[PDB]
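> So here's work25.txt (compact mmCIF, C-alpha atoms).
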# COMPACT_ATOMS: atom_id res chain seq x y z
CA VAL A 23 2.13 -138.65 40.82
CA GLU A 24 2.27 -142.09 39.18
CA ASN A 25 5.53 -143.18 37.58
CA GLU A 26 4.61 -145.19 34.47
CA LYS A 27 7.86 -147.03 33.76
CA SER A 28 6.36 -149.21 30.99
CA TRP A 29 6.10 -146.18 28.67
CA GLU A 30 9.86 -146.47 28.06
CA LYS A 31 8.90 -149.01 25.37
CA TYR A 32 7.81 -146.16 23.08
CA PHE A 33 11.00 -144.15 23.62
CA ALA A 34 13.30 -147.17 23.14
CA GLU A 35 11.51 -148.05 19.89
CA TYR A 36 13.13 -144.99 18.27
CA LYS A 37 16.26 -144.92 20.50
CA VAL A 38 15.50 -141.43 21.82
CA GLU A 39 15.56 -140.07 25.36
CA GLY A 40 12.33 -138.50 26.46
CA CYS A 41 9.62 -137.82 28.97
CA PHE A 42 5.83 -137.75 28.95
CA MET A 43 3.40 -136.15 31.39
CA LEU A 44 -0.35 -136.86 31.32
CA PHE A 45 -2.80 -135.16 33.71
CA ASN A 46 -6.36 -136.50 33.46
CA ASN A 47 -8.55 -133.70 34.81
CA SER A 48 -11.67 -135.81 35.38
CA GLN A 49 -9.95 -138.76 37.08
CA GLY A 50 -7.39 -136.50 38.76
CA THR A 51 -4.65 -138.95 37.73
CA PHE A 52 -1.13 -137.74 36.98
CA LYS A 53 1.10 -140.20 35.09
CA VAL A 54 4.71 -139.34 34.25
CA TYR A 55 7.51 -141.17 32.49
CA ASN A 56 11.04 -139.93 33.25
CA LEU A 57 10.28 -137.61 36.14
CA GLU A 58 13.83 -136.27 36.43
CA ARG A 59 13.72 -134.94 32.88
CA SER A 60 10.32 -133.37 33.61
CA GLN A 61 12.13 -130.89 35.89
CA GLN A 62 14.94 -130.14 33.40
CA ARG A 63 14.98 -126.92 31.38
CA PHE A 64 15.08 -126.88 27.58
CA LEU A 65 14.56 -124.26 24.90
CA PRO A 66 10.86 -124.00 23.98
CA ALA A 67 11.30 -123.57 20.21
CA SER A 68 7.97 -123.21 18.41
CA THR A 69 5.93 -124.03 21.52
CA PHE A 70 6.63 -120.41 22.49
CA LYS A 71 4.10 -119.39 19.82
CA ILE A 72 1.42 -120.11 22.43
CA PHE A 73 2.84 -117.36 24.64
CA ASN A 74 3.71 -115.11 21.68
CA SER A 75 0.14 -115.32 20.38
CA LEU A 76 -1.32 -114.41 23.79
CA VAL A 77 0.89 -111.33 24.18
CA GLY A 78 0.43 -110.30 20.55
CA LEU A 79 -3.35 -110.49 20.92
CA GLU A 80 -3.41 -108.89 24.38
CA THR A 81 -1.30 -105.88 23.37
CA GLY A 82 -3.22 -105.35 20.12
CA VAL A 83 -0.29 -106.18 17.83
CA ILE A 84 -2.33 -109.05 16.37
CA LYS A 85 -5.86 -107.77 15.79
CA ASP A 86 -7.44 -111.24 15.65
CA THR A 87 -6.74 -114.76 14.40
CA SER A 88 -7.15 -113.65 10.76
CA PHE A 89 -4.52 -110.87 11.01
CA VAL A 90 -2.16 -111.08 8.02
CA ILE A 91 1.56 -110.34 8.16
CA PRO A 92 2.84 -110.43 4.55
CA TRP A 93 5.77 -112.50 3.36
CA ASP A 94 8.97 -110.47 3.79
CA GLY A 95 10.27 -111.66 0.39
CA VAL A 96 12.99 -113.88 1.89
CA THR A 97 12.71 -117.37 0.38
CA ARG A 98 13.21 -119.87 3.21
CA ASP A 99 13.61 -123.64 3.42
CA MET A 100 9.92 -124.19 4.28
CA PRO A 101 7.61 -123.53 1.33
CA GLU A 102 4.57 -122.95 3.57
CA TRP A 103 6.36 -120.00 5.19
CA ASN A 104 6.86 -118.14 1.90
CA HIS A 105 3.35 -116.69 1.73
CA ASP A 106 1.25 -113.97 3.29
CA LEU A 107 -0.23 -115.77 6.28
CA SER A 108 -2.93 -115.09 8.82
CA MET A 109 -2.04 -115.71 12.46
CA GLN A 110 -4.06 -118.93 12.43
CA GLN A 111 -2.27 -120.31 9.37
CA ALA A 112 1.14 -119.25 10.72
CA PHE A 113 0.50 -120.82 14.13
CA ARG A 114 -0.50 -124.17 12.62
CA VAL A 115 2.34 -124.35 10.06
CA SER A 116 4.70 -122.95 12.73
CA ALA A 117 5.79 -120.02 10.56
CA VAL A 118 8.69 -118.54 12.51
CA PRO A 119 8.94 -115.39 10.32
CA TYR A 120 5.38 -114.35 11.19
CA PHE A 121 6.01 -114.51 14.92
CA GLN A 122 9.47 -112.97 14.72
CA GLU A 123 7.73 -109.89 13.33
CA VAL A 124 5.12 -110.18 16.09
CA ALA A 125 7.88 -110.13 18.72
CA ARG A 126 9.50 -107.11 17.05
CA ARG A 127 6.28 -105.09 17.22
CA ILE A 128 5.70 -106.12 20.84
CA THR A 129 9.24 -104.79 21.53
CA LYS A 130 11.62 -106.20 24.15
CA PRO A 131 10.61 -104.22 27.29
CA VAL A 132 6.95 -105.20 26.90
CA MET A 133 7.93 -108.80 26.09
CA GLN A 134 10.10 -108.85 29.21
CA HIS A 135 7.24 -107.50 31.32
CA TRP A 136 4.93 -110.34 30.34
CA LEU A 137 7.65 -112.93 30.99
CA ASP A 138 8.26 -111.63 34.52
CA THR A 139 4.52 -111.34 35.21
CA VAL A 140 3.70 -114.91 34.12
CA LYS A 141 7.09 -116.20 35.38
CA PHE A 142 7.66 -118.10 32.14
CA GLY A 143 10.70 -120.36 32.43
CA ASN A 144 13.97 -118.58 33.19
CA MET A 145 12.45 -115.37 31.75
CA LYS A 146 15.64 -114.58 29.82
CA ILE A 147 15.68 -112.69 26.51
CA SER A 148 18.72 -112.60 24.23
CA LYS A 149 17.48 -110.99 21.00
CA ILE A 150 13.86 -109.98 20.46
CA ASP A 151 13.32 -112.29 17.45
CA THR A 152 15.50 -115.27 18.44
CA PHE A 153 15.29 -115.77 22.22
CA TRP A 154 12.90 -118.74 22.08
CA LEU A 155 15.15 -120.56 19.57
CA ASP A 156 18.74 -119.72 20.63
CA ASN A 157 18.70 -121.59 23.99
CA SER A 158 18.57 -118.34 25.97
CA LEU A 159 14.98 -118.81 27.12
CA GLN A 160 14.39 -122.21 28.72
CA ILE A 161 11.41 -123.93 30.33
CA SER A 162 10.83 -127.38 31.74
CA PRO A 163 8.15 -129.87 30.62
CA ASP A 164 6.61 -129.53 34.09
CA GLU A 165 6.46 -125.75 33.65
CA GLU A 166 4.83 -126.08 30.22
CA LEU A 167 2.22 -128.50 31.57
CA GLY A 168 1.21 -126.01 34.25
CA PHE A 169 1.17 -123.21 31.68
CA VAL A 170 -1.27 -124.89 29.28
CA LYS A 171 -3.43 -125.99 32.21
CA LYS A 172 -3.78 -122.36 33.32
CA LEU A 173 -4.50 -121.37 29.72
CA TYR A 174 -7.30 -123.93 29.40
CA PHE A 175 -9.02 -122.72 32.58
CA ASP A 176 -8.57 -118.97 31.85
CA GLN A 177 -6.16 -118.68 34.80
CA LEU A 178 -3.57 -116.54 33.00
CA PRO A 179 -3.45 -112.73 33.42
CA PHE A 180 -4.90 -112.20 29.93
CA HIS A 181 -8.37 -111.28 28.74
CA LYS A 182 -10.77 -114.16 28.18
CA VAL A 183 -11.14 -113.40 24.47
CA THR A 184 -7.35 -113.48 24.08
CA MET A 185 -7.14 -116.93 25.66
CA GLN A 186 -10.19 -118.22 23.82
CA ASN A 187 -8.65 -117.22 20.48
CA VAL A 188 -5.43 -119.10 21.27
CA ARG A 189 -7.26 -122.27 22.34
CA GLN A 190 -9.20 -122.24 19.06
CA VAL A 191 -6.15 -122.04 16.80
CA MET A 192 -4.63 -125.01 18.66
CA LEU A 193 -7.42 -127.32 17.51
CA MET A 194 -5.58 -129.66 15.14
CA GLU A 195 -7.68 -132.82 14.86
CA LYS A 196 -11.43 -133.27 15.33
CA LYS A 197 -13.27 -136.60 15.18
CA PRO A 198 -16.54 -137.69 16.83
CA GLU A 199 -14.45 -139.65 19.35
CA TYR A 200 -12.01 -136.91 20.44
CA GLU A 201 -10.65 -133.43 19.78
CA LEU A 202 -6.88 -132.95 19.74
CA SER A 203 -5.16 -129.60 20.41
CA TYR A 204 -1.41 -129.00 20.55
CA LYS A 205 1.59 -126.95 19.51
CA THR A 206 4.73 -128.65 18.20
CA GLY A 207 8.30 -127.51 18.69
CA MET A 208 11.70 -128.45 17.28
CA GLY A 209 14.95 -126.79 18.37
CA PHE A 210 18.67 -127.44 18.60
CA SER A 211 20.95 -127.44 21.66
CA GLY A 212 24.49 -128.10 20.50
CA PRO A 213 24.59 -131.60 19.03
CA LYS A 214 21.08 -132.38 20.32
CA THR A 215 17.73 -131.92 18.57
CA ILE A 216 14.87 -131.26 21.01
CA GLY A 217 11.26 -132.12 20.15
CA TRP A 218 8.12 -130.81 21.88
CA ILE A 219 4.41 -131.53 21.65
CA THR A 220 2.26 -129.71 24.23
CA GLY A 221 -1.52 -129.53 24.44
CA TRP A 222 -4.61 -131.47 25.44
CA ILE A 223 -7.07 -134.06 24.16
CA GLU A 224 -10.80 -133.84 24.87
CA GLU A 225 -13.26 -136.74 24.87
CA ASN A 226 -16.89 -136.20 25.91
CA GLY A 227 -15.86 -132.78 27.21
CA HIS A 228 -13.13 -134.08 29.53
CA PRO A 229 -9.62 -132.65 29.00
CA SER A 230 -6.35 -134.51 29.53
CA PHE A 231 -3.25 -132.32 29.43
CA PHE A 232 0.04 -133.65 28.08
CA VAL A 233 3.62 -132.58 27.40
CA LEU A 234 5.97 -134.69 25.25
CA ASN A 235 9.69 -133.87 25.22
CA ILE A 236 12.31 -136.00 23.47
CA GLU A 237 15.88 -135.56 22.28
CA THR A 238 18.21 -137.26 19.81
CA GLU A 239 21.76 -136.73 18.63
CA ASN A 240 21.04 -138.67 15.42
CA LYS A 241 21.02 -135.99 12.72
CA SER A 242 19.18 -138.37 10.38
CA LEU A 243 16.18 -138.92 12.66
CA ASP A 244 12.91 -137.60 11.21
CA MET A 245 11.94 -135.74 14.39
CA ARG A 246 8.68 -134.49 12.88
CA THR A 247 7.34 -137.99 12.18
CA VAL A 248 8.87 -139.54 15.31
CA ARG A 249 7.37 -137.12 17.83
CA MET A 250 3.88 -137.74 16.40
CA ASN A 251 4.12 -141.53 16.28
CA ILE A 252 5.36 -141.59 19.89
CA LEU A 253 2.52 -139.30 20.97
CA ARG A 254 -0.13 -141.45 19.29
CA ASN A 255 1.35 -144.64 20.77
CA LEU A 256 1.42 -143.13 24.27
CA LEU A 257 -2.19 -141.94 24.05
CA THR A 258 -3.33 -145.26 22.55
CA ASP A 259 -1.68 -147.16 25.42
CA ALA A 260 -3.39 -144.71 27.80
CA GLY A 261 -6.76 -145.66 26.30
CA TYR A 262 -7.55 -142.59 24.19
CA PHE A 263 -8.98 -142.09 20.66
CA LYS A 264 -11.98 -144.34 21.46
CA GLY A 265 -14.26 -141.74 23.07
CA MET A 266 -14.30 -143.54 26.43
CA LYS A 267 -12.49 -140.93 28.51
Taking this structure as input, can you express it in the form of structure tokens?

Amino acid sequence: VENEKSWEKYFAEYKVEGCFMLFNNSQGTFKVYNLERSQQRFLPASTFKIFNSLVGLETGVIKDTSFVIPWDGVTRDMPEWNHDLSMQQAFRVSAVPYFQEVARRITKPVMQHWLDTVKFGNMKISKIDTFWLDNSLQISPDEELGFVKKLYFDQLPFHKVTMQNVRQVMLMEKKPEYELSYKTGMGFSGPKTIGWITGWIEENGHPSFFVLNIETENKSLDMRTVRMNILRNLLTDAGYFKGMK
């Protein structure tokens, strides 16, 4: 493991605390900023949709990536959530209502069984449709890095079509130089706002796995824009987006 202390520049630019892990599969390099935070547990927020999609697909609750769960009629603060959405659309716009219904149909005993089997974080469930948002369930950046690595190499106890379907919906950005896959997360822990971006970038068929985790107590901070600028600056400094990796 290589401590990359110079990456603090991109966390001090926005006055947030954070950590970044980057595992280059081809080179075998493992670069981490803020190693102590990499071992700390936080609520997963919307990054749990990766796990929720796998279980939903594996148990048959979600037929495929086009499966539609209609809008429950409750107007919410995100306009993109107020529509009948397929699983692929809901995953990419991070539509919590869709996956709350998915968790309800999976039911808590089955959900608990898959958490103990995979050993996902602290494996704790509060309520069936809130436990990934209410700080009951927690998982460390290190544990999420190992999870998405196992997902990429079909090393999870799911069927290969299940895992293939989840990898495909994660594809967010495709250029001739690279392909970028991730799931974002944003949750609250008391006065703190926690931000996640977890996924991988592929250039010339070589994957590099990454987990970004930051926090701020500034209520005014545009977490959505900040997490993405920090990610792009970290990957640019690491030499990505040119097709040379």
> Counting all atoms listed in the file, find the residues whose atoms lie at most 10 Å from (17.0, -111.9, 24.6) (file coordinates) and write them out as an mmCIF file with C-alpha atoms, in the coordinates of the input.

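The result, written out as point-v4.cif:
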data_model
loop_
_atom_site.group_PDB
_atom_site.id
_atom_site.type_symbol
_atom_site.label_atom_id
_atom_site.label_comp_id
_atom_site.auth_asym_id
_atom_site.auth_seq_id
_atom_site.Cartn_x
_atom_site.Cartn_y
_atom_site.Cartn_z
ATOM 1 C CA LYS A 130 11.620 -106.200 24.150
ATOM 2 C CA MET A 133 7.930 -108.800 26.090
ATOM 3 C CA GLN A 134 10.100 -108.850 29.210
ATOM 4 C CA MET A 145 12.450 -115.370 31.750
ATOM 5 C CA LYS A 146 15.640 -114.580 29.820
ATOM 6 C CA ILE A 147 15.680 -112.690 26.510
ATOM 7 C CA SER A 148 18.720 -112.600 24.230
ATOM 8 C CA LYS A 149 17.480 -110.990 21.000
ATOM 9 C CA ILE A 150 13.860 -109.980 20.460
ATOM 10 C CA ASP A 151 13.320 -112.290 17.450
ATOM 11 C CA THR A 152 15.500 -115.270 18.440
ATOM 12 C CA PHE A 153 15.290 -115.770 22.220
ATOM 13 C CA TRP A 154 12.900 -118.740 22.080
ATOM 14 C CA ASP A 156 18.740 -119.720 20.630
ATOM 15 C CA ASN A 157 18.700 -121.590 23.990
ATOM 16 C CA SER A 158 18.570 -118.340 25.970
ATOM 17 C CA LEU A 159 14.980 -118.810 27.120
#
> Counting only C-alpha atoms, what is within 9 Å of residue 23 in chain A, bar same-chain residues fewer than 6 positions away, as a PDB file with C-alpha atoms, in the coordinates of the input?

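Resulting contents of part-v7.pdb:
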ATOM      1  CA  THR A  51      -4.650-138.950  37.730  1.00  0.00           C
ATOM      2  CA  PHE A  52      -1.130-137.740  36.980  1.00  0.00           C
ATOM      3  CA  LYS A  53       1.100-140.200  35.090  1.00  0.00           C
ATOM      4  CA  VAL A  54       4.710-139.340  34.250  1.00  0.00           C
TER       5      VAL A  54
END
> What's around residue 107 in chain A at 12 Å? Count all atoms listed in the file, leave out sequence neighbours fewer than 2 positions away in its own chain, and write the answer as a PyMOL selection string.
chain A and resi 87-94+102-105+109-121
> Any chance you could export the current selection's C-alpha atoms as a compact mmCIF listing (two decimals), in the coordinates of the input?

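Written output follows (again.txt):
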# COMPACT_ATOMS: atom_id res chain seq x y z
CA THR A 87 -6.74 -114.76 14.40
CA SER A 88 -7.15 -113.65 10.76
CA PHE A 89 -4.52 -110.87 11.01
CA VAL A 90 -2.16 -111.08 8.02
CA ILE A 91 1.56 -110.34 8.16
CA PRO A 92 2.84 -110.43 4.55
CA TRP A 93 5.77 -112.50 3.36
CA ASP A 94 8.97 -110.47 3.79
CA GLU A 102 4.57 -122.95 3.57
CA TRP A 103 6.36 -120.00 5.19
CA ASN A 104 6.86 -118.14 1.90
CA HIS A 105 3.35 -116.69 1.73
CA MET A 109 -2.04 -115.71 12.46
CA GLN A 110 -4.06 -118.93 12.43
CA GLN A 111 -2.27 -120.31 9.37
CA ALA A 112 1.14 -119.25 10.72
CA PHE A 113 0.50 -120.82 14.13
CA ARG A 114 -0.50 -124.17 12.62
CA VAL A 115 2.34 -124.35 10.06
CA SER A 116 4.70 -122.95 12.73
CA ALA A 117 5.79 -120.02 10.56
CA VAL A 118 8.69 -118.54 12.51
CA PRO A 119 8.94 -115.39 10.32
CA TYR A 120 5.38 -114.35 11.19
CA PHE A 121 6.01 -114.51 14.92
> Could you pull the residues within 10 Å of residue 72 in chain A, counting only C-alpha atoms, minus those fewer than 3 positions along the same chain, as a PyMOL selection string?
chain A and resi 68-69+75-77+113+169-170+173+185+188-189+191-192+204-205+220
> Show which residues sit within 8 Å of residue 140 in chain A, as a PyMOL selection string. Count only C-alpha atoms, and ignore same-chain residues fewer than 2 positions away.
chain A and resi 136-138+142+178-179
> Go through A:65, A:257, A:57, A:245 one by one, measure the shortest atom-to-atom distance of each to residue 161 in chain A using only C-alpha atoms, and give the residue with the smallest value.
A:65
> With all atoms listed in the file as the counted atoms, please give the residues lying no more than 12 Å from residue 262 in chain A, apart from itself and same-chain residues fewer than 6 positions off, as an MDAnalysis selection string.
chainID A and resid 44 46 199:202 222:226 228:230 253:256
> Of the residues A:198, A:24, A:232, A:39, which is the one nearest to residue 215 in chain A, using all atoms listed in the file?
A:39
> Between A:164, A:95, A:48, A:56, which is the closest to residue 33 in chain A once you count all atoms listed in the file?
A:56
> Hey, which of A:45, A:55, A:36, A:64 ends up closest to residue 212 in chain A? Count only C-alpha atoms.
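Residue with the minimum atom-to-atom distance to residue 212 in chain A: A:64.
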> Using Å and a single decimal, report how far CA of residue 208 in chain A sits from CA of residue 61 in chain A.
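Calculated distance between CA of residue 61 in chain A and CA of residue 208 in chain A is 18.8 Å.
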> Could you please determine the separation between CA of residue 162 in chain A and CA of residue 203 in chain A in Å, to one decimal place?
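Separation between CA of residue 162 in chain A and CA of residue 203 in chain A: 19.7 Å.
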> If I take CA of residue 32 in chain A and CA of residue 47 in chain A, how far is one from the other in Å, to one decimal?
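Distance reported for this atom pair: 23.7 Å.
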> From the options A:261, A:143, A:101, A:50, which residue's atoms come nearest to residue 231 in chain A, counting only C-alpha atoms?
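The closest residue to residue 231 in chain A is A:50.
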> When you count only C-alpha atoms, which of these residues is closest to residue 259 in chain A: A:80, A:184, A:221, A:28?
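Of all the options, A:28 lies closest to residue 259 in chain A.
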